[PDB]
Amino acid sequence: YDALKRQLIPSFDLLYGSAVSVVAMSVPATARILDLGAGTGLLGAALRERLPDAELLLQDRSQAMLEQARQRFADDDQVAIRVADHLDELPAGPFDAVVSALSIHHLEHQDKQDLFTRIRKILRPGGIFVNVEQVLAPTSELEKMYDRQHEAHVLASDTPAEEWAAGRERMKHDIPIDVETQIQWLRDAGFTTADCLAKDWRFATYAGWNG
């Protein structure tokens, strides 16, 4: 399933790589990290590669996806798993970092804002939130150009026609917003610094710091 993710997501290495790099420059080797909506655990695995000694908690509503996540980690790896929705109470922590990839765009805008507040509450002072996210263009005219650029990647990756059809169907349930609006929502939630680190049209890695 990993091959398909790279066919569907432009600049996979730049965007996931940027998320790992900003965490590695922000938190200690022994950081406590929550992967929020870990899915099959691609972001969690990339963090473990860079941070062998980090304490990782992988959270998702899907037991099936978390089972595929646990398969990526060695039997003796201390990685922990929690079955929970984004809208459920977050784990107590504290955490040095909270990370998410391609999950929070499924939430209503009001629930995104509430989630940002609840994440800041479980972060230590100076702690980091990182999102690798599907973002809306700021105008309907630019959204058409974002869509053409996404399709150009998908077609050039030789994506099976039925897998792109399935992708389009899943995207009817997306509630994306532009990157600058959700970065401002981090500031509104009390993150003292927020920045867009990397972007490829529809996809972006952004971060907020608690202090």
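For every residue, the number given is its place in the sequence shown, counted from 1.
Averaged over CA atoms, B-factors in the entry run higher in 163-171 than in the other of 58-66 and 163-171. Higher mean CA temperature factor between 4-12 and 202-210: 4-12, per the PDB entry. Per the PDB entry, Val154 shows the highest C-alpha temperature factor of the residues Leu34, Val154, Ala31, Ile183. Out of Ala74, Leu136, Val132, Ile104, it is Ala74 whose C-alpha atom has the highest B-factor in the PDB entry.
Among the modelled residues of the chain, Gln113 sits in the middle third by CA temperature factor in this PDB entry. Per the PDB record, residue ranking by Cα B-factor puts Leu87 in the highest third of the chain. Per the deposited record, the Cα B-factor of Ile177 falls in the middle third when ranked against the other modelled residues of its chain.
Among the modelled residues of the chain, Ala80 sits in the middle third by CA temperature factor in this PDB entry. Among all modelled residues in this chain, the alpha-carbon of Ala45 has a temperature factor (C-alpha) in the highest third.
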